[PDB]
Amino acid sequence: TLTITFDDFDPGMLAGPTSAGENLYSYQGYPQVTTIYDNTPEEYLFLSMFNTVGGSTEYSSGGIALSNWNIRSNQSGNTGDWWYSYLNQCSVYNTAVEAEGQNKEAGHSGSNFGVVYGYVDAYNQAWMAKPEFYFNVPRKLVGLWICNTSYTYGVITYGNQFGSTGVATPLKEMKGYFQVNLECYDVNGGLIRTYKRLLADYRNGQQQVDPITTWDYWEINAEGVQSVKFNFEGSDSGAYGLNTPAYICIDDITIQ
């Protein structure tokens, strides 16, 4: 058995100066981290790269960032919904850990963890692609730990607005659900199996699921996985698809 803990990855890969992760984008003046991995590009255990969508390579195109952030509250100077905004996208929501900011030992392992962003639905499927990672060779994927991001936790709990018209509704109110999917692929890129996990559920007397507030184990036991994709499904979905921020944090991936 091995565990990918993220804690030993190159610091140069850590998301942006602040918890907005300004270096996850081409255009904000920082060396942009498109690619994370454990050792070198030559010999790695794990590797994710940002997708390219309409010729543009960005965290929004779907991918996985390395983070050591755990802010879940308006820091000095921030107001309104800031702590569950995209300007704190990189933060894990972890209530088991009193101090908040950068390397505050808030992973299921140390300070570090992956932040998954992206999803595909009927509205964006023509252009968008799912976040993905790879093993260097096919592996038994035993399981992994997960936790919500402050952004996702917040918007589930309170909703928000975004852009001119965008509305996200609290899931308690509209009897909503939100789910993450872990899709395992084989050595030839064949789908082995898709794994589902409810992050929240308040549907009709369905077992109610409240969002986790600390790291929670996800048993998989998939054989011969070369690569993994993530998607999100949820019922908070209008004219332009899913409104709930399509993010999850990941730590301590166990393999053999």
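Note that residue numbering begins at 1 and tracks the sequence as displayed.
Peer 1: Quick check: 105-113 versus 72-80, which has the larger average CA B-factor in the record?
Peer 2: Mean CA B-factor is higher for 72-80.
Peer 1: Identify the stretch, either 18-26 or 228-236, whose C-alpha atoms have the larger mean B-factor according to the entry.
Peer 2: The stretch with the larger average C-alpha B-factor is 228-236.
Peer 1: Name the one of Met49, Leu66, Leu199, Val53 with the greatest CA B-factor according to the PDB entry.
Peer 2: By C-alpha B-factor in the record, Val53 ranks first.
Peer 1: Say you rank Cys90, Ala129, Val137, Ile146 by Cα B-factor from the PDB entry; which sits at the top?
Peer 2: Within the set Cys90, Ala129, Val137, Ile146, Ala129 shows the top C-alpha B-factor.
Peer 1: Relative to the other modelled residues in the chain, which third contains the C-alpha temperature factor of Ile212: lowest, middle or highest?
Peer 2: Answer is middle: the recorded C-alpha B-factor places it there.
Peer 1: Can you work out whether the C-alpha temperature factor of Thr34 puts it in the lowest, middle or highest third of the chain?
Peer 2: Tercile = lowest for this residue's CA B-factor.
Peer 1: Hey, what third does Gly241 fall into on Cα B-factor, ranked over its chain?
Peer 2: Its C-alpha B-factor, which the entry lists for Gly241, ranks in the highest third among residues of this chain.
Peer 1: Per the entry's values, where does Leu171 land by CA temperature factor relative to the rest of its chain, in the lowest, middle or highest third?
Peer 2: Tercile = highest for this residue's CA B-factor.
Peer 1: Determine, from the deposited record, the chain-internal third of the Cα B-factor for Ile253: lowest, middle or highest.
Peer 2: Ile253: CA B-factor falls in the middle third of its chain.
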